[PDB]
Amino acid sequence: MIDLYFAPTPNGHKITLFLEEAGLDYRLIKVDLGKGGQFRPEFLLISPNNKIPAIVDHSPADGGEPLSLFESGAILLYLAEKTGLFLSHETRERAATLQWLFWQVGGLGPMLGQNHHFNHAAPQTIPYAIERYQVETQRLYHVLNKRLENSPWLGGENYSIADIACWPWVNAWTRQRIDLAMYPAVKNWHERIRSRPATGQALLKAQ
C-alpha cells in the first residue's frame, strides 16, 4: 500500500499518473496547501521540505518499516525501480530517460512555476520578472518540442517517468501565456498522454 500525500497541482498529478499507469493500489491523502497543512509537524516528518507530493510506502522492498519519500522526481524513480515499470534497465534508454526527468525537475517545473507566480499570484505586476520567465518558458517548450520531434517519447520508444514528470506541467500551458499550437510535437504528445486511460483515472481522482 502506498499513501500519497497530495494536492491537485502539476507535481501532485505526476504521482497519480504513475500509480494509475502502474496499477498500484494507493490512498490519496489531501494536504490543504491553502490552510498550511504542509506545515503540520506530523507531515514535516514525512516531507521536511514542507511540500507535496510525498509518499509513504507500507510495503518497501526490504520488508521493513514504512518508507517515506518526498520530491516528485525521487518518488517516480523509486517507484519505477521498485516496479520495474516506466524506466528502462538498458543503459542508453535509461540515461536518456533520466536526463529528461532531471531536466523537468530542474528546469521545466521551477521555471513554469515562476511564470505562474509572477502572472497570477504576485501582488504586483512586475514586467521584468514576467518577461524573464515568459522567455524562459518559451525556451523550455522549444527544447521540449525539438526532442519530441525526434522521438515519440522523451526517453526513447517507450513512455516513461520522464514523460509522466513533464505532462502535468505542459497540461498547465493554459496558465503560462503559451500557444501550445506553436509547439506541434508537444501538442500531439500532450494530447496522446491525455488520451491514455490512466491519465483520465488520475484526473478524476484529483476531484
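So that there is no doubt, residue numbering starts at 1 and follows the sequence shown.
When the C-alpha temperature factors are averaged for each of 93-101 and 113-121, which stretch ends up with the higher value in the entry? Higher of the two, by average CA B-factor, is 113-121.
Of the two stretches 198-206 and 2-10, which shows the higher Cα B-factor on average in the entry? Higher mean C-alpha B-factor in the PDB entry: 198-206.
Checking the record values for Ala172, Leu69, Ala181, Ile161, which has the greatest CA B factor? When the deposited C-alpha B-factors of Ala172, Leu69, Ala181, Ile161 are compared, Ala181 is largest.
Among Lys51, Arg139, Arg147, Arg177, single out the one with the highest C-alpha B factor in the record, please. Max CA B-factor in the entry, restricted to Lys51, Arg139, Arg147, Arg177: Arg177.
Looking at the entry's B-factor column for C-alpha atoms only, identify whether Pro127 ranks in the lowest, middle or highest third of its chain. Highest third, going by the recorded CA B-factors of the chain.
Of the three thirds of its chain by CA temperature factor, lowest, middle or highest, which one includes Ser151? Middle third of the chain for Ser151's C-alpha B-factor.
Would you mind checking where the Cα B-factor of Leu33 ranks among the modelled residues of its chain, as the lowest, middle or highest third? Highest third, going by the recorded CA B-factors of the chain.
Within this chain, which third does the Cα B-factor at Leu17 fall in: lowest, middle or highest? Answer is middle: the recorded C-alpha B-factor places it there.
Where does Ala61 sit by CA temperature factor within its chain: lowest, middle or highest third? Highest third of the chain for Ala61's C-alpha B-factor.
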